[PDB]
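Just so you know, structure 1 and structure 2 below are the same protein chain in two forms, each on its own as structure tokens.
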Structure 1
């Protein structure tokens, strides 16, 4: 019997590249706060971990900070996945699955995460699967081109993202495609594709 098992409503995960408009899309649901559990913009947690900006530290020095940063992403997603609600609907920006299948995998490929750091994160994912219930009934995938993602990133202008290269977003885009369109990853529930260009 897993933690939070049987405590969760029908759950929708809002996914897509950085700057695909996940927060914008979820903002339309806000007037319905009373009926829907909305867990949005988890990045604010990562930018301020009791005063520490892990997002900043990660981009400045990935070979040292990518590991703690992803471990903390994993935690905050878990907190949101397992958060109690009395409501019939929960909608989340991001999920433990995108952290794992896109970000962690990409950082393994680019060498930000050495094998040992990758292995530790992966062993955690496996234990989490056996011990903690992650409700997932629908994923809405905001599909975008890397060029479009890139312009939104620049317009929003997060200081931490000011050095994010187009190639990185191309890498992440394909990984979202692998996961949500080509079913290269084990995880499976309904996916609704939307054009966010």
Structure 2
């Protein structure tokens, strides 16, 4: 009855903080393209929504753009979670779950999302749950300490997500921990 239900192979979700080495980790699977459906985070979609860079606007003016940005993230995630494939294995960077439990909940906490906007997103999440199939068979948590994550971010000659405070990575770290450690199967890796 749910959309995409029974159309998806064994699926693995790569979860981790900003700067936990997810892009790096996923580069290793690229030789296996032909047997593995391999979906990196759709940052490029977020940067170019018919010309508008949602990601930037979100980092620039969070109180105006958090709602639209997260709405869109959620869409692009669903678009991945549901994309048809012939391959026997599917691997995604992040998921609708990280969006809901980490990033959105964090924007609510530090006050960038007003309660009214948050609730709108949350009613959607509830409705998505009932109407779309999001296949999820195993999560690989690339665990790290906020401090180690900060390093990388700044090492990387880089761009958007680039300009985040440590307190923010701390807050995100804790949310990932609440979701992944303190309570499908979770495989924790030390990415230090």
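Positions refer to the first chain, counted from 1. Superpose the two forms; the largest set of C-alphas matching within 1.5 Å is the rigid core. Residues that one form lacks are left out of the comparison.
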(request) Examine residue 166 after superposing the rigid core and state whether its CA is displaced by 2 Å or more between structure 1 and structure 2. (result) no
(request) Would you look up how far the C-alpha of residue 153 moves between structure 1 and structure 2 when the rigid core is overlaid, in angstrom? (result) 1.0
(message) Fitting the two forms on their rigid core, what distance in Å separates the Cα positions of residue 41 between structure 1 and structure 2?
(response) 3.3
(request) Pull up the moving segments between structure 1 and structure 2: at least three consecutive residues, every CA shifted by 2 Å or more, rigid core held fixed. (result) 156-163
